[PDB]
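Below, each value reflects all heavy atoms present in this structure, side chains not excepted, and no hydrogens, waters or symmetry copies. Every chain is numbered from 1 and lettered A, B, ... according to where its sequence line falls, protein lines coming before strand lines.
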Amino acid sequence: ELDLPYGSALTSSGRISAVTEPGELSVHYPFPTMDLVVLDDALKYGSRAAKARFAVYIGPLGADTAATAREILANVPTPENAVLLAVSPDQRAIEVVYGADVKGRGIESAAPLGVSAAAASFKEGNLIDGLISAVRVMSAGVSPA
Amino acid sequence: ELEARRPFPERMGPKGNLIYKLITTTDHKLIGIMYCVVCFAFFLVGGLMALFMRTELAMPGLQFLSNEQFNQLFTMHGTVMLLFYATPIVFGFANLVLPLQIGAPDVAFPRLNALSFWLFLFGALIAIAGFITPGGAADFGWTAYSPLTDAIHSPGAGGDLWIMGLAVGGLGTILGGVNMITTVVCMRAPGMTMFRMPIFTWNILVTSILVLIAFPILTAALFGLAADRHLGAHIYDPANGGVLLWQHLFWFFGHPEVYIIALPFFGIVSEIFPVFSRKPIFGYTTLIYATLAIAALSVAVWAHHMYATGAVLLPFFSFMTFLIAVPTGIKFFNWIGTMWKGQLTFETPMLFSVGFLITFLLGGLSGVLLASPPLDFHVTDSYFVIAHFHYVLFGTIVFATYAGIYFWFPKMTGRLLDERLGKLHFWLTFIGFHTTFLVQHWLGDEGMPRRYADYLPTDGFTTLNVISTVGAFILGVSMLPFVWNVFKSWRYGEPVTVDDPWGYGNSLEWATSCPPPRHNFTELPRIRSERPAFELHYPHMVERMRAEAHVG
Amino acid sequence: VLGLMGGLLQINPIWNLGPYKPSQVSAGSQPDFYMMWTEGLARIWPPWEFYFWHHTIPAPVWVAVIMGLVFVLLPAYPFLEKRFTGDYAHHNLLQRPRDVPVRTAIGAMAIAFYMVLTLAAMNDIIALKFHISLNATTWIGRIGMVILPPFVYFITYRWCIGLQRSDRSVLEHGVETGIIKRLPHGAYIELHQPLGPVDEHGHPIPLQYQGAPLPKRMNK
Amino acid sequence: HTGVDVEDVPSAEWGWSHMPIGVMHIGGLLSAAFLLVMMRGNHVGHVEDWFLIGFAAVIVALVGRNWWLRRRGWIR
Amino acid sequence: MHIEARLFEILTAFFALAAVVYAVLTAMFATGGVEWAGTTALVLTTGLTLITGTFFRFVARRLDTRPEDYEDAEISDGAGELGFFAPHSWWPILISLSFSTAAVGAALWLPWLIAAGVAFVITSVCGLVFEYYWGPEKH
Amino acid sequence: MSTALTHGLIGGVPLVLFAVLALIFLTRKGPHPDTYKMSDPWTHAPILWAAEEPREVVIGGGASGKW
Amino acid sequence: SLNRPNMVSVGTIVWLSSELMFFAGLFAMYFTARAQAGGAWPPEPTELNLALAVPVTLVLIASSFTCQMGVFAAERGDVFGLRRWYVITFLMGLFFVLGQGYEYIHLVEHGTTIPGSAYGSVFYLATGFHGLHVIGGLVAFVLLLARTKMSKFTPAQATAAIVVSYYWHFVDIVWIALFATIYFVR
Ligand code: HEA
Ligand code: HEA
Ligand SMILES: [Cu+2]
Ligand SMILES: [Cu+2]
């Protein structure tokens, strides 16, 4: 039904079986590997200590930014217990969104701290580093319950 | 809409994730990984022995080694390189990719699989642990000829451990061959006929048959030798035909062995060429027939290793070797026709396969020259034979093993090895090999026999030994890029989220997740040819494949 | 059992020896096996002596000191462990060795040290029967005594954690039965067997660990 | 307990499951020192000194690697 | 199972022809007559391939086509239940260690060590064989 | 002949060859894309990353900012 | 799915072929050093007792038929006839082993030893390995009987019975060949 972009096939199950050209990659994140690994480790060890998922979004928010962020949070696995940080570098906009279960655990005192750290580190031009700093601060703020 | 991923996949795995799984596992993927790692460790040990030998061979005179030590060195080098690296790396690759290629969830006997692995490991350790004896390790040749291996001559305890370790490893190999034959015969997808299975699978089948022919007779001969050494058993007594009896039995075992360590690597390059030429394999049934003919002929030439004894029927064996030289040429022509008129790209596996082609061609030419008894009458037991079998052995096992590692690392780990490090590795290996083993032809042509610990300055051949030692040190330093690459790329390194990271792949292993799940498959495609994954990923091509196939 | 082995196996044949005399000796040594670790310590300890004003401290003083240190540290372990861990409660239920990895690794390390000392006591017998040099056996014991116990510790720790993870897998899924299906669209499944209730989708509901062993074979 | 995670050690609340890292670091250093001292008063021969220095260097390298990686954040 | 048996029969034909040719050409034209070693080896190589090909023929002549033997077959044809495949087991490494003990005892001539290794081999093979057949403890 | 020559060649040729081959090969560019600069527009597809660690739609709050 | 040809059967048959190659090695050893011994090649202190070698051969040939009766009983799923026929086969195999050992004792008492001559060497190395294979078969019989005792009878148990059956048949045929080669041809 879809495009199946030149190498993909729909199998006897719903799984797609894609391919890659012999020299190219299959990820294409415009950040260094030792940046992505530090972000992954921060994101994992903050969640393990706060007992809540942490999520990061970098695409556009070409609408009401808060409304778009709250529509985005719906795609996190367990959205009721999750904290999301969305950033638009085109609109220079930052948003943080909460969940129903993660409430009263130390969050309202941590979201502006995280926004402040993220903005402060974006003022130099370090996107991944600002994300890491914000996630560290927020995860150190939140408490398990 | 959106999908939740991670910034980077997990690097290592939780604490306590491997050790107990390693002791209790029964899955062929992990067993093949263990095969590969231990075989490469043994390769490093054998290469260290070879470096010591080269260092002594330069600069006439005995600088730091003794005669006994040099003898132990070439004995153990040959033993390790031939029986602790190549024969088990064959079954490593088999356990890695044969069930995925026939479409099975498992091997036939998963506990016999692990038994074979552990038997290999402990037999190799038993045979190597002769160096800690005051007499040293075995110091007769790798061939262990007739009266030199009794208890009068060679009375130490290293040869005993050698014999028993070889027996244990041979039992492991026999069990592995039985397992592979049964797996290919019984377990097979519900549409895959025997003339739709890959050439690698065909070659593993044939190699297992040869294993079952060759190894039991070596076990019998070794038990006879142990009976002699421990009970005075008159079996290899030269008062009988005991001197030639040993040679006949040993070479009947030993030539099928050098073919056992060649056909799976022929199969490896036969899998690799079509993917990077974007074309079908040229002469599928012809390659199958050539494999079968080589296998049949390989058990009837054994005595071309006995030309200079004056006790063999020369024309029979000479004609048989001249005959066996032909299907290899047919196979070469099929490999050339596969690449002919394609769209060639040269990544690391393709580069290594082309290097294999060149090196093995030169080695096979020197061998077919070696098959003439009047020429062997001069060039036997010299460095010409050493250069020959190093060309053929290196070209097949080293180059095809590296090509297969670079090919199937994504399929077994989910990561990609680096390409610049791989190109550096390849060029270092190529230059070092051709620097170390080319001048040895001339070296042995002017009189210089093999297994010589020392020579004189008034003899010739002193600059050529220096050149060969330079080349050997290049070959030694060529392993650091590869080891660093594997060590870095296992944990870091580009992830693979698709099937078939090398586009245009075949053989049903590129139609599953890149790290395959336990039981290897969540679905199967319709099997109409020997390129089921190709027809699955490119359905607009099946018509154009059936149409223009028999043009020629 | 004791009568059978006291009748069928010869032990301490004193007549093959003679009476003790200060001038004769034999290659025989090695007291009964429960005293062998002291003999091995005396064999592999290096000769470190001290000489100061008209006095002397020989090398076997080290052996005596290590022996007394072991004899002191053995009865003090409960108090040392309760001080370290801070656990002063009453206990009537036992622990499984896999659930206490640090203590299991400590015990494995101590057993490895004891086994090295016990093998070092039969230096000459080992060198004679297994063709190894006497100097080689001495140095092998001397180096193993320091490098083997921590290796055993590391391996024991990881092994206990692996056993725990095996238990957790069996608690999350069912017992693996060994039977494979083919699922007409070409998938291979393994047909687990649950120990408790299942959901509406058929997959078993995960259970909690309770300090008891879990079945791993279907026939048990 | 002083503390490990149940994602690292599943049965962390059933028994002693954590030993500090400084203990192991200084223990490795002391074992290296003992191996080095064990060649004082060298009796004739030097083949065993090579084994001594080899094992001491290997232990020091292991300890240093672990310390470095824990310091730069690639462990824990 | 036609192609497997055909393969083994081709091998049998070649091995038998080579065996008889070598035997005759050494009975004549050779130094001391028949060679008596390569002849025996070739004869029993023929016997090996013959046994295997005969078993395959006899199981094939009393069988109906399997889905892997059959082109134009669908994956839905092989749906069902395959046999039993052993999950995790620790008995192979114990069998290997027992065999290694016996082999060291045979290398260094130590009859007590050979006896201990044989006893260990018996015990570990029994462990392997009885693994999925022991019942619950009867108390 | 000329012990110094022999040892110099055997010890030095491999390292020089290693150095020149490394300078040729390891100084090239890999397939990894270049790091994105905030001065340029965001051209990549949308990115969503999660933690995966806590294992088994009513919003509870939020916050905003403009750098 | 059910892939009707049995898998353990195939594995056993191919391993039996390998063991045939092992005995090929032994036979080559024996046939060499007979072409060297001139004239009366079995030396004078060597005289073969045909009054002991034919009875044990008959007992082994009868073992083959009792084992075939056991597998016939196995194919119709009752365990007790299987147990009876296999106990009989075990007893006959033990009788063969004891006869061989007694003949060895009598042959060493006043003559051939391994270090004595070349004939004694080839003889003992060729027949003692066959004896070890018989002992392996006996151990296999015991293990199979215990496994049939310890659980419910199934087609897997029947397959185990069948594969042990033709292992025993292989051993009997190898003995026939060795006996005909050594005692009659000479
Ligand atoms: C994998 C390893 C391997 C391989 C593939 C081979 C392949 C061959 N070998 Fe070799 N050989 C060894 C490993 C190998 N060998 C070893 C290890 C020893 C000695 C061991 C020891 O003593 O320690 C040895 C020794 C050895 C000897 C005895 C030398 C001596 O001891 O004096 C002989 C002589 O008959 C021989 C012949 C051949 C022949 C005819 C081939 C053929 O397979 C090659 C034919 C293939 C070709 C590539 C031909 C190319 C085809 C075409 C392109 C058409 C060309 C047309 C013509 C020129 C006819 N080998
Ligand atoms: C697959 C088989 C195989 C392989 C791969 C090799 C690899 C090499 N061989 Fe060997 N060789 C044989 C099989 C093989 N050989 C056989 C069968 C004989 C005849 C035996 C007989 O006479 O009995 C022989 C004999 C032989 C001789 C003649 C000895 C004698 O007869 O006098 C020489 C010398 O020129 C030699 C050289 C080399 C070199 C330079 C390599 C290089 O390719 C290898 C260099 C590799 C490395 C240097 C590894 C790197 C080492 C390290 C980095 C050290 C690290 C240390 C540890 C990790 C422990 N070989
Ligand atoms: Cu050859
Ligand atoms: Cu020769």
Side-chain angles (χ1 to χ4, degrees), chain B residues 104 107-109 112 167 170-171 173-175 177-190 208-228 230-246 248-250 252-253 256 299, chain G residues 1-38 41 43 108 112-130 132-133 136 156 159-160 163 167 170 174:
Chain B
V107 295
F109 311 118
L112 213 69
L171 176 61
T173 308
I174 289 167
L175 294 183
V178 165
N179 202 284
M180 279 314 157
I181 287 168
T182 304
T183 302
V184 171
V185 160
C186 177
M187 309 269 96
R188 210 158 80 229
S208 306
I209 304 174
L210 271 70
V211 164
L212 292 193
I213 284 170
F215 274 76
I217 203 164
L218 170 82
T219 302
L222 285 183
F223 278 173
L225 181 58
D228 282 330
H230 280 308
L231 314 160
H234 288 110
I235 276 164
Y236 301 115
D237 201 305
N240 298 318
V243 165
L244 269 294
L245 171 75
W246 170 265
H248 276 286
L249 296 176
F250 176 84
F252 201 87
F253 148 75
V299 294
Chain G
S1 177
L2 301 182
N3 63 10
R4 302 272 84 191
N6 222 354
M7 215 169 47
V8 174
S9 283
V10 171
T12 313
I13 290 293
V14 193
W15 179 66
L16 289 176
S17 297
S18 306
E19 285 302 301
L20 190 63
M21 277 317 289
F22 178 81
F23 274 107
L26 272 67
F27 264 102
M29 277 175 201
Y30 166 87
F31 273 112
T32 308
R34 183 180 67 88
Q36 297 308 312
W41 74 274
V108 168
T112 65
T113 59
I114 288 174
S117 43
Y119 181 85
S121 310
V122 295
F123 177 85
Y124 284 122
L125 191 69
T127 63
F129 271 114
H130 177 84
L132 299 176
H133 282 262
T159 306
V163 299
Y167 173 75
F170 166 86
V174 174

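Using a 4.5 Å heavy-atom cutoff, the side chains of B:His234 and G:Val122 are not in contact.
We find the CZ-CE distance between B:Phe252 and G:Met21 to be 5.5 Å, quoted to the nearest 0.5 Å. Put simply, CG on B:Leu212 and CH2 on G:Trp15 are 12.0 Å apart, with the number rounded to the nearest 0.5 Å. Atom OG1 in G:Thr32 sits 9.5 Å away from atom OH in B:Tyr236 (nearest 0.5 Å). Between the CZ atom in G:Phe22 and the CG atom in B:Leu218 there is a gap of 11.0 Å [rounded to 0.5 Å]. Here the straight-line distance linking atom OG of G:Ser18 with atom CD1 of B:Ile209 works out to 11.0 Å at 0.5 Å rounding.
Contacts between G:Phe129 and chain B at a heavy-atom distance below 4.5 Å involve the side chain alone, from C-beta outward. Within the 4.5 angstrom heavy-atom criterion, atoms from both the backbone and the side chain of G:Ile114 approach chain B. Only the side chain of B:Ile181 comes within less than 4.5 Å of a heavy atom of chain G; its backbone N, CA, C and O stay farther away. In this structure, the portion of B:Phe109 lying under 4.5 Å from any heavy atom of chain G is its side chain and not its backbone. The contact between G:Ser117 and chain B is made entirely by backbone atoms, counting heavy-atom distances below 4.5 Å. Proximity to chain B is absent for every atom of G:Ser17, based on heavy atoms less than 4.5 angstrom apart.
In terms of heavy atoms, G:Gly25 sits closest to B:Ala220 at CA-CB, 4.1 Å.
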Q: Could you go through the side chain to side chain contact (heavy atoms under 4.5 Å, CB included) check for G:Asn3 and B:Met187 one step at a time?
A: CA-CA 8 Å; G:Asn3 63 10; B:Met187 309 269 96; 3.3 Å; yes

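Contact count against chain G (heavy-atom pairs under 4.5 Å) is highest for B:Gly232 among B:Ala227, B:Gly224, B:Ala214, B:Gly232. Highest contact tally toward chain B, considering only G:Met29, G:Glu19, G:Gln36, is held by G:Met29 [criterion: heavy-atom pairs under 4.5 Å].
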